[PDB]
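Participant: Please read through the structure below; I'll follow up with questions.
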Amino acid sequence: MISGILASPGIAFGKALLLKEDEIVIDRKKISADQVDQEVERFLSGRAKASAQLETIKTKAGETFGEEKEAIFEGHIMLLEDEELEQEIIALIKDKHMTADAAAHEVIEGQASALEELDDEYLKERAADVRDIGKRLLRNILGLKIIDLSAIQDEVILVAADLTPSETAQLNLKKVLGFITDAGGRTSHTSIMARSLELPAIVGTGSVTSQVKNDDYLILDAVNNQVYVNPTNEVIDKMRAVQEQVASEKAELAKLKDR
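Going by the numbering used here, the first residue of the sequence shown is number 3, and it counts up by one from there.
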């Protein structure tokens, strides 16, 4: 009964790939002047990584969708390498004895919160794009593990509460079989992918992430706008024939030569 908004029609079979995230724990402990010097190297040299990460993703955005998307990630690096937000972070770590994780979170706490005080969905939706830049920066300071979605080797379905341009900029469109997310969809960056690529997808799933686990066997219908979870062979075998009869009845468009 999973009623979504249906992005594009089509039918695909594959295992559920649930993208879960480990909650990050920030340490609010005060360090000693003997560990402050290390925070700067962890942050200074750390930025060497975050700068290299987004940079590497920046080229994937231009080599995957094309140039016009590089300008968006190009400014996202300027904000991260901002010499101004740099002096403020440093000072805090040294003046408030804050950890690069805590101090870095403070600045990012006002950049996102301050944009929420604006009355414009454009600068606001930027708040979500800005927080995403801090999240990665945090996982880099703690060297936390990063989810490598651009390294899939088995064809499966993609399930997630929602995906940000970055994830979509590095996603692999050669091993993915479809995109399923519970995001309103009105103007969800996901839909724009499913629409320009005409591939089949759904976005208003709502709580499928609370009904499916990863590895779960699913079947996307994108015809009746419905997803089947753990279906009996009777329904699979029965659809496999009719279903493929559609792709073949579609290849009947290849037969659009009789006319």
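Think of the CB as a built atom: it goes at the ideal place given N, C-alpha and C, for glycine as much as any other residue.
Within this structure, are the beta carbons of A104 and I28 separated by less than 8 Å?
Facilitator: yes
Participant: Using the three-state DSSP reduction, which class does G180 fall into: helix, strand or coil?
Facilitator: strand
Participant: Can you say whether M80 is buried or exposed, counting buried as having 16 or more other CB atoms within 10 angstroms of its CB?
Facilitator: exposed
Participant: Measuring straight from C-alpha to C-alpha, what distance separates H78 and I135?
Facilitator: 8 Å
Participant: Does the Cβ of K60 have 16 or more other Cβ atoms within 10 Å, making it buried, or fewer, making it exposed?
Facilitator: buried
Participant: Helix or strand or just coil, what does DSSP make of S34?
Facilitator: coil
Participant: As an exercise, report each continuous beta strand (DSSP E) stretch of at least 3 residues that is fully enclosed by the stretch 151–203, in chain order.
Facilitator: 158–162 and 178–183
Participant: When the Cα atoms are used, what is the spatial distance from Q245 to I13?
Facilitator: Their Cα atoms are separated by approximately 8 Å.
Participant: Could you tell me the distance, in whole angstroms, from the CA atom of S250 to the CA atom of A203?
Facilitator: 21 Å
Participant: Reducing DSSP to helix, strand and coil, say where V214 ends up.
Facilitator: coil
Participant: My output table needs one value for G16: the three-state DSSP class, helix, strand or coil.
Facilitator: strand
Participant: Can you tell me which of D218, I7, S10 and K22 puts its alpha carbon nearest to the alpha carbon of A163?
Facilitator: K22
Participant: Check whether the Cβ atoms of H99 and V42 lie closer than 8 Å to each other.
Facilitator: no
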